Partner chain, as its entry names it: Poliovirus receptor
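Just one chain follows, in the form solved without the partner chain, and it is written as structure tokens.
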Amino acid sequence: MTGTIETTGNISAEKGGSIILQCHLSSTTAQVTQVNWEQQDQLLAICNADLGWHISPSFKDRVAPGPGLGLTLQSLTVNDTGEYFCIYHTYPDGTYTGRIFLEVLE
């Protein structure tokens, strides 16, 4: 498994503000078939290569796809503090996972 996934790391944003969760896979030519964005174990949205973005109903109002394979979380609350993952499904390499840790300051 040759590729590496880079993320935005440890980031803070203000309550009621927004945040771009971003990841970038590199060092591989495998096709990214889909990307899942997760708040801990809780799916936020998927971005499938053929069918584009699909958002969890529970987050539909406060999520905007992108930029790119990134995701934008809106109307942050203190409960949005924690870890987020970007799961890349690739062929043939398989799964690459990234982590981002967000602090929502009050």
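Shifts are known only where both forms have a C-alpha. Rigid core: the largest C-alpha set superposing within 1.5 Å between the two forms. Residue numbers count along the first chain shown, from 1.
Omitted here: the form solved in complex with the partner chain. The next part is about that form.
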Does the 4.5 Å heavy atom contact test between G94 and the partner chain in the bound PDB entry come out positive?
yes
Decide whether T28 counts as a contact residue for the partner chain in the bound PDB entry under a heavy atom distance cut-off of 4.5 Å.
no
Which of the residues spanning 1-37 lie within 4.5 Å of the partner chain in the bound PDB entry, based on heavy atoms?
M1, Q31, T33, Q34, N36
My question is whether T29 is one of the residues whose C-alpha shifts by 2 Å or more between this form and the one not shown, given a fit on the rigid core.
no
Cα of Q40 displaced 2 Å or more between this form and the one not shown, core superposed?
yes
Residue ranges moving between this form and the one not shown (criterion: at least three consecutive CA positions shifted 2 angstroms or more, core aligned):
39-41
